[PDB]
$ cat protein-v2.cif   # mmCIF, C-alpha atoms and all ligand atoms
data_model
#
loop_
_atom_site.label_atom_id
_atom_site.label_comp_id
_atom_site.auth_asym_id
_atom_site.auth_seq_id
_atom_site.Cartn_x
_atom_site.Cartn_y
_atom_site.Cartn_z
CA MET D 1 -25.23 -15.07 0.57
CA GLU D 2 -27.79 -16.86 2.72
CA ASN D 3 -25.76 -17.74 5.83
CA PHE D 4 -25.79 -13.96 6.37
CA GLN D 5 -28.18 -11.01 6.56
CA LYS D 6 -27.11 -7.97 4.54
CA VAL D 7 -27.70 -5.05 6.90
CA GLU D 8 -26.28 -2.46 4.47
CA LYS D 9 -23.86 -1.81 1.64
CA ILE D 10 -20.84 -0.38 3.41
CA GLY D 11 -19.07 0.74 0.26
CA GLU D 12 -16.97 -0.10 -2.80
CA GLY D 13 -14.01 -2.36 -2.19
CA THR D 14 -11.06 -2.67 -4.51
CA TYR D 15 -12.27 -6.11 -5.63
CA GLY D 16 -16.00 -5.69 -5.11
CA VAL D 17 -18.78 -4.28 -2.96
CA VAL D 18 -18.46 -4.46 0.83
CA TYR D 19 -21.47 -5.22 3.00
CA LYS D 20 -22.27 -4.98 6.69
CA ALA D 21 -23.82 -8.37 7.46
CA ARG D 22 -25.02 -10.54 10.35
CA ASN D 23 -23.99 -14.19 10.73
CA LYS D 24 -27.25 -16.12 10.93
CA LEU D 25 -25.95 -18.81 13.28
CA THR D 26 -23.99 -16.54 15.66
CA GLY D 27 -25.62 -13.12 15.42
CA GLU D 28 -22.22 -11.48 14.87
CA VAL D 29 -21.80 -8.46 12.57
CA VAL D 30 -19.01 -8.64 10.01
CA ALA D 31 -17.61 -6.95 6.92
CA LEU D 32 -18.53 -9.22 4.01
CA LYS D 33 -16.67 -8.70 0.77
CA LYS D 34 -17.87 -10.19 -2.52
CA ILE D 35 -14.91 -10.79 -4.82
CA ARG D 36 -15.76 -9.82 -8.42
CA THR D 41 -15.33 -14.28 -13.36
CA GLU D 42 -14.35 -17.60 -14.96
CA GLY D 43 -14.14 -19.97 -11.99
CA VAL D 44 -11.99 -18.30 -9.31
CA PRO D 45 -8.24 -19.15 -9.27
CA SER D 46 -7.56 -22.15 -7.03
CA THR D 47 -4.19 -20.54 -6.34
CA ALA D 48 -5.98 -17.49 -4.94
CA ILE D 49 -8.25 -19.37 -2.53
CA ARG D 50 -5.20 -21.21 -1.13
CA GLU D 51 -3.13 -18.03 -0.79
CA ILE D 52 -6.01 -16.06 0.75
CA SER D 53 -6.95 -18.93 3.07
CA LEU D 54 -3.47 -18.84 4.62
CA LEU D 55 -4.28 -15.27 5.64
CA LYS D 56 -6.94 -16.45 8.11
CA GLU D 57 -3.87 -17.46 10.14
CA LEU D 58 -2.51 -13.92 10.58
CA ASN D 59 -3.41 -12.48 13.97
CA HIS D 60 -2.32 -9.12 15.33
CA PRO D 61 -4.10 -6.31 17.21
CA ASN D 62 -3.45 -4.01 14.27
CA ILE D 63 -4.66 -6.25 11.45
CA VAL D 64 -8.34 -6.60 10.66
CA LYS D 65 -8.95 -10.30 11.18
CA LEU D 66 -9.94 -12.30 8.12
CA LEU D 67 -12.50 -14.52 9.82
CA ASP D 68 -13.18 -16.77 6.87
CA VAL D 69 -12.93 -17.41 3.13
CA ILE D 70 -16.25 -18.72 1.83
CA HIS D 71 -16.32 -20.42 -1.53
CA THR D 72 -19.87 -21.54 -2.31
CA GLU D 73 -22.13 -21.45 -5.39
CA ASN D 74 -18.92 -20.70 -7.32
CA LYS D 75 -18.79 -17.24 -5.73
CA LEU D 76 -15.97 -15.94 -3.51
CA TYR D 77 -16.52 -14.12 -0.21
CA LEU D 78 -14.12 -12.87 2.40
CA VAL D 79 -15.46 -12.41 5.93
CA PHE D 80 -13.69 -9.74 7.97
CA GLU D 81 -14.16 -8.51 11.53
CA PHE D 82 -16.31 -5.37 11.43
CA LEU D 83 -14.76 -2.09 12.60
CA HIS D 84 -16.89 1.06 13.00
CA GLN D 85 -15.19 3.76 10.94
CA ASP D 86 -12.41 4.14 8.36
CA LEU D 87 -9.58 6.70 8.45
CA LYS D 88 -10.87 8.50 5.36
CA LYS D 89 -14.13 9.29 7.10
CA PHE D 90 -12.39 10.13 10.40
CA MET D 91 -10.02 12.53 8.59
CA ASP D 92 -12.98 14.17 6.81
CA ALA D 93 -14.79 14.45 10.15
CA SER D 94 -11.65 15.94 11.70
CA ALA D 95 -11.14 18.43 8.85
CA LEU D 96 -11.92 21.60 10.80
CA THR D 97 -9.72 20.91 13.78
CA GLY D 98 -7.35 18.25 12.49
CA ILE D 99 -6.48 14.96 14.22
CA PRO D 100 -4.60 15.72 17.45
CA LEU D 101 -0.90 15.02 17.08
CA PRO D 102 -0.77 12.47 19.93
CA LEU D 103 -3.49 10.44 18.16
CA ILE D 104 -1.74 10.81 14.78
CA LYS D 105 1.41 9.48 16.44
CA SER D 106 -0.48 6.61 18.09
CA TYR D 107 -2.09 5.66 14.80
CA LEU D 108 1.22 5.78 12.88
CA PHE D 109 2.95 3.69 15.60
CA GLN D 110 0.20 1.04 15.52
CA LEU D 111 0.11 0.88 11.70
CA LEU D 112 3.88 0.36 11.66
CA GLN D 113 3.42 -2.49 14.15
CA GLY D 114 0.84 -4.08 11.85
CA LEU D 115 3.21 -3.61 8.90
CA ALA D 116 6.19 -4.94 10.87
CA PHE D 117 4.09 -8.03 11.70
CA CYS D 118 2.93 -8.75 8.15
CA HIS D 119 6.32 -8.10 6.62
CA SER D 120 8.00 -10.49 9.07
CA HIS D 121 5.47 -13.06 7.88
CA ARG D 122 6.33 -12.38 4.25
CA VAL D 123 3.03 -10.67 3.51
CA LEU D 124 2.79 -7.31 1.76
CA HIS D 125 -0.30 -5.20 1.36
CA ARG D 126 0.59 -3.15 -1.75
CA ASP D 127 -2.53 -0.97 -1.76
CA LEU D 128 -2.69 0.77 1.61
CA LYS D 129 -5.02 3.76 1.71
CA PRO D 130 -7.22 5.66 4.20
CA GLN D 131 -10.24 3.57 3.15
CA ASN D 132 -8.68 0.28 4.31
CA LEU D 133 -7.35 1.59 7.60
CA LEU D 134 -10.06 0.97 10.21
CA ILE D 135 -10.46 2.45 13.65
CA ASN D 136 -12.52 1.70 16.76
CA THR D 137 -13.73 3.64 19.80
CA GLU D 138 -10.90 2.17 21.91
CA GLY D 139 -8.09 4.01 20.10
CA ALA D 140 -6.94 1.11 17.91
CA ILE D 141 -6.35 1.35 14.15
CA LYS D 142 -6.05 -1.77 11.98
CA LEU D 143 -5.03 -2.54 8.41
CA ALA D 144 -7.42 -4.54 6.22
CA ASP D 145 -6.80 -6.42 2.95
CA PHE D 146 -3.17 -7.35 3.57
CA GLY D 147 -1.93 -10.00 1.13
CA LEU D 148 -4.88 -9.79 -1.26
CA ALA D 149 -3.07 -8.00 -4.10
CA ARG D 150 -0.45 -10.76 -4.39
CA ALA D 151 -3.07 -13.53 -4.18
CA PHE D 152 -5.22 -11.80 -6.79
CA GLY D 153 -4.00 -9.12 -9.17
CA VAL D 154 -4.63 -5.38 -8.88
CA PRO D 155 -7.10 -4.76 -11.76
CA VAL D 156 -7.03 -1.50 -13.74
CA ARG D 157 -10.65 -0.78 -12.74
CA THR D 158 -13.36 -2.46 -10.65
CA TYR D 159 -16.44 -4.00 -12.27
CA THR D 160 -18.24 -0.89 -10.98
CA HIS D 161 -16.08 1.25 -13.26
CA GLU D 162 -15.10 3.21 -10.16
CA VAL D 163 -11.81 5.11 -10.19
CA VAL D 164 -8.89 3.45 -8.35
CA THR D 165 -6.79 5.81 -6.23
CA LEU D 166 -3.13 6.30 -7.14
CA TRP D 167 -2.34 8.79 -4.36
CA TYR D 168 -0.49 6.28 -2.21
CA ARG D 169 1.37 4.38 -4.92
CA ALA D 170 5.17 4.03 -4.47
CA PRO D 171 7.28 5.52 -7.32
CA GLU D 172 8.78 2.15 -8.26
CA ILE D 173 5.30 0.85 -9.08
CA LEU D 174 4.47 3.95 -11.10
CA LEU D 175 7.71 3.45 -13.02
CA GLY D 176 6.52 -0.02 -13.95
CA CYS D 177 8.55 -2.28 -11.73
CA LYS D 178 6.81 -5.65 -11.63
CA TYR D 179 8.53 -6.78 -8.45
CA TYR D 180 7.27 -5.45 -5.14
CA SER D 181 9.05 -5.20 -1.80
CA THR D 182 8.03 -4.27 1.73
CA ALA D 183 9.06 -0.71 0.89
CA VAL D 184 5.90 -0.09 -1.15
CA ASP D 185 3.88 -0.21 2.09
CA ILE D 186 6.19 2.15 3.94
CA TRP D 187 5.74 4.64 1.09
CA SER D 188 1.93 4.44 1.27
CA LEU D 189 2.01 4.85 5.07
CA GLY D 190 4.32 7.84 4.76
CA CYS D 191 1.79 9.48 2.41
CA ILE D 192 -1.02 8.73 4.86
CA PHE D 193 1.04 10.10 7.78
CA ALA D 194 1.51 13.38 5.84
CA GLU D 195 -2.18 13.57 5.01
CA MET D 196 -3.19 13.15 8.67
CA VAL D 197 -0.84 15.99 9.64
CA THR D 198 -1.62 18.52 6.91
CA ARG D 199 -5.28 17.56 6.31
CA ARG D 200 -4.70 17.39 2.58
CA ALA D 201 -3.49 14.46 0.46
CA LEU D 202 0.26 14.71 -0.17
CA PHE D 203 0.30 13.58 -3.85
CA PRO D 204 -3.28 13.74 -5.24
CA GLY D 205 -2.55 12.66 -8.82
CA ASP D 206 -5.42 12.10 -11.22
CA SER D 207 -3.38 9.90 -13.58
CA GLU D 208 -0.28 7.74 -13.46
CA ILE D 209 1.94 10.44 -14.99
CA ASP D 210 0.32 13.22 -12.96
CA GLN D 211 0.90 11.10 -9.84
CA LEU D 212 4.53 10.57 -10.79
CA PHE D 213 5.15 14.22 -11.63
CA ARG D 214 3.51 15.45 -8.42
CA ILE D 215 6.00 13.27 -6.48
CA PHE D 216 8.83 14.62 -8.67
CA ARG D 217 7.73 18.25 -8.16
CA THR D 218 7.93 17.84 -4.40
CA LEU D 219 10.84 15.44 -3.86
CA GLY D 220 12.79 16.29 -6.99
CA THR D 221 13.08 14.28 -10.18
CA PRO D 222 15.05 11.19 -9.19
CA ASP D 223 18.39 10.33 -10.79
CA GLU D 224 21.08 7.67 -10.59
CA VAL D 225 22.63 9.50 -7.65
CA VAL D 226 19.71 9.20 -5.25
CA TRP D 227 18.21 6.08 -6.83
CA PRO D 228 20.78 3.75 -8.44
CA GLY D 229 19.07 1.90 -11.27
CA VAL D 230 16.12 4.27 -11.77
CA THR D 231 16.94 5.20 -15.36
CA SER D 232 16.56 1.51 -16.28
CA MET D 233 13.08 1.08 -14.79
CA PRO D 234 10.49 -0.03 -17.36
CA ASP D 235 8.57 3.24 -17.66
CA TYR D 236 11.38 5.70 -16.94
CA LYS D 237 11.87 8.28 -19.75
CA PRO D 238 15.01 10.42 -20.14
CA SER D 239 12.57 13.16 -21.15
CA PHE D 240 11.04 13.45 -17.67
CA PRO D 241 11.20 17.10 -16.62
CA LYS D 242 13.93 17.84 -14.11
CA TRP D 243 12.43 19.33 -10.96
CA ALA D 244 14.53 20.46 -8.01
CA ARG D 245 13.72 18.93 -4.63
CA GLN D 246 11.69 21.27 -2.47
CA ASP D 247 12.74 22.22 1.06
CA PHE D 248 11.17 19.49 3.17
CA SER D 249 9.99 21.94 5.84
CA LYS D 250 7.40 23.20 3.37
CA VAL D 251 6.04 19.67 2.88
CA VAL D 252 4.41 18.90 6.24
CA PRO D 253 4.22 22.03 8.39
CA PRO D 254 3.92 22.23 11.20
CA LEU D 255 5.23 18.74 12.02
CA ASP D 256 8.35 18.77 14.23
CA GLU D 257 11.85 17.70 13.18
CA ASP D 258 11.50 14.17 14.55
CA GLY D 259 8.33 13.68 12.52
CA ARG D 260 9.81 15.28 9.41
CA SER D 261 12.92 13.13 9.77
CA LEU D 262 10.88 9.91 10.04
CA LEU D 263 8.69 10.94 7.10
CA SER D 264 11.66 11.67 4.85
CA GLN D 265 13.00 8.16 5.62
CA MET D 266 9.63 6.64 4.65
CA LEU D 267 9.68 8.59 1.39
CA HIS D 268 13.18 7.86 0.08
CA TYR D 269 13.03 7.14 -3.67
CA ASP D 270 15.21 4.00 -3.58
CA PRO D 271 13.04 1.23 -2.05
CA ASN D 272 16.19 -0.15 -0.52
CA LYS D 273 16.97 3.11 1.34
CA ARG D 274 13.40 3.44 2.63
CA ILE D 275 13.14 2.75 6.38
CA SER D 276 11.67 -0.59 7.49
CA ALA D 277 8.59 -0.73 9.71
CA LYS D 278 10.67 -2.35 12.44
CA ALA D 279 13.34 0.38 12.26
CA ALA D 280 10.67 3.10 12.14
CA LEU D 281 9.25 1.81 15.44
CA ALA D 282 12.62 2.67 17.01
CA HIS D 283 12.63 6.23 15.67
CA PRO D 284 12.84 9.04 18.27
CA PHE D 285 9.50 10.38 17.05
CA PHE D 286 7.90 7.58 19.08
CA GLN D 287 9.69 8.20 22.36
CA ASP D 288 6.62 9.89 23.83
CA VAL D 289 3.94 7.82 22.04
CA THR D 290 0.72 7.11 23.97
CA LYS D 291 -2.68 5.69 23.09
CA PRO D 292 -5.40 8.42 23.12
CA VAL D 293 -9.06 7.62 22.49
CA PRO D 294 -10.57 9.28 19.41
CA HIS D 295 -13.86 11.17 19.27
CA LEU D 296 -15.89 8.97 16.93
CA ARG D 297 -19.35 9.88 15.73
CA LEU D 298 -21.00 6.63 14.63
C1 LIG U 301 -18.94 2.00 8.48
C2 LIG U 301 -18.15 0.87 9.10
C3 LIG U 301 -17.50 -0.01 8.03
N1 LIG U 301 -16.75 -1.11 8.64
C4 LIG U 301 -15.79 -1.82 7.99
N2 LIG U 301 -15.20 -2.85 8.57
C5 LIG U 301 -14.28 -3.36 7.69
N3 LIG U 301 -13.65 -4.41 8.24
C6 LIG U 301 -14.13 -2.78 6.46
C7 LIG U 301 -13.21 -3.16 5.39
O1 LIG U 301 -12.51 -4.17 5.55
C8 LIG U 301 -13.09 -2.34 4.15
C9 LIG U 301 -14.02 -1.58 3.44
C10 LIG U 301 -13.46 -0.96 2.27
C11 LIG U 301 -12.13 -1.26 2.13
CL1 LIG U 301 -11.08 -0.72 0.85
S1 LIG U 301 -11.54 -2.27 3.36
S2 LIG U 301 -15.23 -1.48 6.37
#

$ encode --input "protein-v2.cif" --output "structure tokens" --more "lines below"
Ligand SMILES: C=CCNc1nc(N)c(C(=O)c2ccc(Cl)s2)s1
Amino acid sequence: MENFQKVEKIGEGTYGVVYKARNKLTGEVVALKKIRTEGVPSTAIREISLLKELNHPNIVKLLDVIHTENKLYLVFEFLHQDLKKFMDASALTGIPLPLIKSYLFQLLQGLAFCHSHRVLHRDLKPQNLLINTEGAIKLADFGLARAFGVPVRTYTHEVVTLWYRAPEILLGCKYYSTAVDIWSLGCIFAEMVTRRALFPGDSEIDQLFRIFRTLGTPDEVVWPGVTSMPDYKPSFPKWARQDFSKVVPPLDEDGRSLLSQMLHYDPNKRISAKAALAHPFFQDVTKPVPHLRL
């Protein structure tokens, strides 16, 4: 890109490298993402372009879609730190509960907004949750997966994380629903509380079995239709569900209750973002400022 000035290489995005850049005509700093190649689907540019229309305090604004020199670029508002880094920085003391609650509440608002606009994320993870000094947290990359197509591996041959993947996706369901995002957010909520990833699988089957070992191997009783999912196998080991109090100590009953509703196996039974916002866990929610080291 010329219309920009690459300050640094922020990191590795799901679809390509992410750069911290400066708009040459405005002097503004943004998050520039180069999308990894046979012409660029015209369907994608149209889909993605509609996203520039989404506007919410908890959604990282897609400023522009730039298609020039037969290369694709997405220009996003720049935020100063991601939740992965903040969690790592908060590892010794943990994120204070009131801030964890504020972040969860805000993320649910961003989800509620996108879902009401018929937009799913499908690949929520600590790396695409961005925070600022003011106490806000925003979701980036909403609607990209559907417009594009989650590739097995990036062109950088970097490992894609499966830790936040809903069980229905792992079982090979090719139809997504808003519930996949609630699942990912539930996993993130648990990780903020315990300071350890909930289901750190290193493979698709390891990821599935780690979920099974904690929540019990699903059956037709708790998840009608599961034995007919594409990758379900009658040979899956049968693990008993573990007492949920052992899962996220020392989160209180309201928090554990909300989390269990975000982690129901049946997508249809999983709580909606809108309903979650009404949960008693948020009765005393506030908006604390985080201690960010930039
Ligand atoms: C050190 C400050 C970095 N600032 C950033 N700002 C934005 N907007 C970022 C992203 O959208 C993503 C980057 C990677 C994924 Cl995955 S989403 S990173």

$ residues_around --input "protein-v2.cif" --residues "range 55-59 of chain D" --least-positions-apart "2" --cutoff "10 Å" --atoms "all atoms listed in the file" --output "number ranges by chain"
D: 49-53, 61-69, 78-80, 114, 117-118, 121, 123, 145-148

$ residues_near_ligand --input "protein-v2.cif" --ligand "ligand LIG 301 (chain U)" --cutoff "10 Å" --atoms "all atoms listed in the file" --output "MDAnalysis selection string"
chainID D and resid 8:20 29:33 63:66 78:86 89 127:136 142:146 298

$ closest_residue --input "protein-v2.cif" --among "D:187, D:4, D:152, D:269" --to "residue 220 in chain D" --atoms "only C-alpha atoms"
D:269

$ closest_residue --input "protein-v2.cif" --among "D:290, D:237, D:42, D:92" --to "residue 75 in chain D" --atoms "only C-alpha atoms"
D:42

$ residues_around --input "protein-v2.cif" --residues "residue 216 in chain D" --least-positions-apart "2" --cutoff "10 Å" --atoms "all atoms listed in the file" --output "list in words"
residues 171, 203, 210, 211, 212, 213, 214, 218, 219, 220, 221, 222, 240, 241, 242, 243, 244, 245, 246 and 269 of chain D

$ closest_residue --input "protein-v2.cif" --among "D:194, D:209, D:186, D:149" --to "residue 166 in chain D" --atoms "all atoms listed in the file"
D:209

$ residues_around --input "protein-v2.cif" --residues "residue 181 in chain D" --least-positions-apart "5" --cutoff "9 Å" --atoms "only C-alpha atoms" --output "list in words"
residues 124, 126, 271 and 272 of chain D

$ closest_residue --input "protein-v2.cif" --among "D:111, D:289, D:191, D:233" --to "residue 265 in chain D" --atoms "only C-alpha atoms"
D:191

$ atom_distance --input "protein-v2.cif" --atom1 "CA of residue 292 in chain D" --atom2 "CA of residue 104 in chain D"
9.4 Å

$ closest_residue --input "protein-v2.cif" --among "D:36, D:268, D:274, D:71" --to "residue 158 in chain D" --atoms "only C-alpha atoms"
D:36

$ residues_around --input "protein-v2.cif" --residues "residue 107 in chain D" --least-positions-apart "4" --cutoff "9 Å" --atoms "only C-alpha atoms" --output "ChimeraX atom specification"
/D:102-103,111-112,139-142,193,291

$ atom_distance --input "protein-v2.cif" --atom1 "CA of residue 99 in chain D" --atom2 "CA of residue 288 in chain D"
17.0 Å

$ atom_distance --input "protein-v2.cif" --atom1 "CA of residue 223 in chain D" --atom2 "CA of residue 172 in chain D"
12.9 Å

$ closest_residue --input "protein-v2.cif" --among "D:100, D:45, D:238, D:204" --to "residue 255 in chain D" --atoms "all atoms listed in the file"
D:100

$ decode --input "protein-v2.cif" --residues "range 162-174 of chain D" --atoms "N, CA and C atoms" --output "PDB file, in the first residue's frame"
ATOM      1  N   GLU D 162       0.835 -20.752   9.925  1.00  0.00           N
ATOM      2  CA  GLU D 162       0.705 -20.551  11.359  1.00  0.00           C
ATOM      3  C   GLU D 162      -0.527 -21.311  11.835  1.00  0.00           C
ATOM      4  N   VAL D 163      -0.410 -21.925  13.006  1.00  0.00           N
ATOM      5  CA  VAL D 163      -1.484 -22.722  13.588  1.00  0.00           C
ATOM      6  C   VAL D 163      -2.729 -21.922  13.985  1.00  0.00           C
ATOM      7  N   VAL D 164      -3.889 -22.366  13.502  1.00  0.00           N
ATOM      8  CA  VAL D 164      -5.168 -21.722  13.817  1.00  0.00           C
ATOM      9  C   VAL D 164      -5.652 -22.261  15.168  1.00  0.00           C
ATOM     10  N   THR D 165      -6.193 -21.395  16.016  1.00  0.00           N
ATOM     11  CA  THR D 165      -6.642 -21.857  17.324  1.00  0.00           C
ATOM     12  C   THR D 165      -8.055 -22.438  17.306  1.00  0.00           C
ATOM     13  N   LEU D 166      -8.205 -23.602  17.937  1.00  0.00           N
ATOM     14  CA  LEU D 166      -9.486 -24.297  18.008  1.00  0.00           C
ATOM     15  C   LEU D 166     -10.145 -24.160  19.379  1.00  0.00           C
ATOM     16  N   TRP D 167      -9.437 -23.552  20.325  1.00  0.00           N
ATOM     17  CA  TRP D 167      -9.903 -23.428  21.693  1.00  0.00           C
ATOM     18  C   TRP D 167     -11.300 -22.885  21.936  1.00  0.00           C
ATOM     19  N   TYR D 168     -11.761 -22.040  21.029  1.00  0.00           N
ATOM     20  CA  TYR D 168     -13.048 -21.378  21.173  1.00  0.00           C
ATOM     21  C   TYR D 168     -14.134 -21.858  20.226  1.00  0.00           C
ATOM     22  N   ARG D 169     -13.861 -22.963  19.537  1.00  0.00           N
ATOM     23  CA  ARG D 169     -14.777 -23.525  18.558  1.00  0.00           C
ATOM     24  C   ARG D 169     -15.953 -24.305  19.182  1.00  0.00           C
ATOM     25  N   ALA D 170     -17.171 -23.920  18.812  1.00  0.00           N
ATOM     26  CA  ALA D 170     -18.395 -24.560  19.298  1.00  0.00           C
ATOM     27  C   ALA D 170     -18.395 -26.044  18.913  1.00  0.00           C
ATOM     28  N   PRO D 171     -18.970 -26.916  19.768  1.00  0.00           N
ATOM     29  CA  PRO D 171     -18.995 -28.357  19.447  1.00  0.00           C
ATOM     30  C   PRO D 171     -19.669 -28.733  18.135  1.00  0.00           C
ATOM     31  N   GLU D 172     -20.706 -27.994  17.750  1.00  0.00           N
ATOM     32  CA  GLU D 172     -21.399 -28.301  16.498  1.00  0.00           C
ATOM     33  C   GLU D 172     -20.481 -28.132  15.298  1.00  0.00           C
ATOM     34  N   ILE D 173     -19.527 -27.212  15.377  1.00  0.00           N
ATOM     35  CA  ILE D 173     -18.611 -27.003  14.265  1.00  0.00           C
ATOM     36  C   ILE D 173     -17.604 -28.138  14.242  1.00  0.00           C
ATOM     37  N   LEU D 174     -17.138 -28.519  15.427  1.00  0.00           N
ATOM     38  CA  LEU D 174     -16.179 -29.610  15.550  1.00  0.00           C
ATOM     39  C   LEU D 174     -16.794 -30.921  15.073  1.00  0.00           C
TER      40      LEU D 174
END
